[PDB]
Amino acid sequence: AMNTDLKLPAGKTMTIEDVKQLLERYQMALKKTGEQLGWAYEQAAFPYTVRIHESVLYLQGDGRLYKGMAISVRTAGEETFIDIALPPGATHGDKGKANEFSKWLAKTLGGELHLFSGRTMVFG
């Protein structure tokens, strides 16, 4: 029913095989856009800068929506724990991010996760 055309600049020639290469190039451009979206996901999913001070990891939150948290290792008897402490001013955002990282950590290492909601999850 309908048609679009591009009139090429004077003197420019074009074969169907050149057009096929242009379609491939277009898909390469879409891949690059896809990478930008992925990078945007990465930055939003971990909006913290990490520093270590006195064997405690401090995450400092980007912008007003994230304050931060503190991660440390605790031993008691022959037991070992990873602790994630949220400070008094911790945001809605910080709580969610801490929950996300804690669950990933538990899936990765195994053990028994005690979430600040009072829920316990066992891996193993």
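When you see a residue number, it is the position in the sequence shown, counting from 1.
Per the PDB record, of the two stretches 95-103 and 55-63, 55-63 carries the greater mean B-factor over its C-alpha atoms. For the two regions 13-21 and 105-113, the entry's Cα B-factors average higher over 13-21. The PDB entry assigns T75 a C-alpha temperature factor belonging to the middle third of its chain's modelled residues. When the modelled residues of the chain are ordered by their C-alpha B factor, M121 lands in the middle third.
In this PDB entry, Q36 carries a Cα temperature factor that places it within the middle third of its chain's modelled residues.
Placement of the Cα temperature factor of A45 within the chain: lowest third of the modelled residues, per the deposited record. Annotation for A90: CA B-factor lies in the highest third of the chain's modelled residues.
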